[PDB]
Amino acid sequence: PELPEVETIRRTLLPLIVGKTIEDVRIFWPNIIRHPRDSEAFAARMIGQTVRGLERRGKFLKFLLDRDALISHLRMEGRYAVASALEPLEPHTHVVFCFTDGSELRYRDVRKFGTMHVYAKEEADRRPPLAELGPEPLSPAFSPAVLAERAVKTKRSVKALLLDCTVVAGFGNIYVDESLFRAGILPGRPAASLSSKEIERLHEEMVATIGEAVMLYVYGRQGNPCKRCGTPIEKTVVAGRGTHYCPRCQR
C-alpha cells in the first residue's frame, strides 16, 4: 500500500488492538524479521507487552508497546487483519501476534516482501529502518527550500530524488509520476536543472497529490490519451522504475 493507505491502516487498526496484551507471537516465515536477527528472540521479547499506540512514518507503521516499538513495512502486498484465534488463518500469513483476549493481529503477504524490526522505543528512531528517513511530505519540515537544497547537490534525475527516502518519507512511484505530471516536469530531468519556480510548483503538487489521497493522470495509463491534452501517455524506465509521463504536458 501507498502512504495514504498506510495512514488509513494506522487509523483503523489502532482501536482494534489498543490496550491488548501479547500472549504469543507465531512466525511462519522468519526472514520477515530483521531485528533482532533471531526470530525466536523477536517473539520472546514481545510476549507480555501491551499495545499502547500506532504511529506512521513514511510507509512504516510503528506499533508502540510497553518497552518496545515494532516497526513494520508492508511493501506492495502486505496486509494486517485482526481476527479470532479460533478461525483458520488466511493464505500467506507469515506472522501472528496472539492477544490474551483470544484475538490476533495477523500479517499476510503473498510476496513475502515486508519487514519487521523490534527495538526499545527510545532506540527505534535512531536505528534501521527509521534512522535516515526524510521529513513527512505533509509536514512543514518538507518545504520548497529543503527540496531545492537536495536537488542542487545531486547529479541525479528529479525522479530519483523524489524516490529517495532520505529526501522525503514514503513518496511512492505512483505519486512521483502523478506529482511530476501535475507540476509539468519531465521525470528524466536532472534535479539540479529545475528552476526555483519549478521547485516550488513541484513541492506544491507533491503536497496536493498526497494530501488529496489521504483526505490518475499518467500512472499505468501508457498508450492512453492524456486527460489534459490528449497526447498518448508514454512509459519508460527512470531510476530503475516504470515511469509514466505526458511528453507534451511535461517539460
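Residue numbers run from 1 along the displayed sequence.
Coordinates are absent for 10 or more residues of the deposited sequence placed between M215 and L216. Between 135-143 and 87-95, it is 135-143 that carries the larger average Cα temperature factor according to the deposited entry. Higher mean CA B-factor, judged across 96-104 and 119-127 from the recorded values: 119-127. For the set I32, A41, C226, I210, the maximum C-alpha B-factor listed in the entry falls on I210. The residue among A81, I71, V152, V176 whose C-alpha atom has the highest B-factor in the PDB entry is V152. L162: CA B factor in the middle third of modelled residues in this chain (values from the PDB entry). Among all modelled residues in this chain, the alpha-carbon of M76 has a temperature factor (C-alpha) in the middle third. In the deposited entry, the Cα temperature factor of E198 sits in the top third of values across the chain's modelled residues.
Remark: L65 belongs to the lowest third of its chain, ranked by C-alpha B-factor as recorded. Looking at the C-alpha B-factors along this chain, the one for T12 belongs to the middle third.
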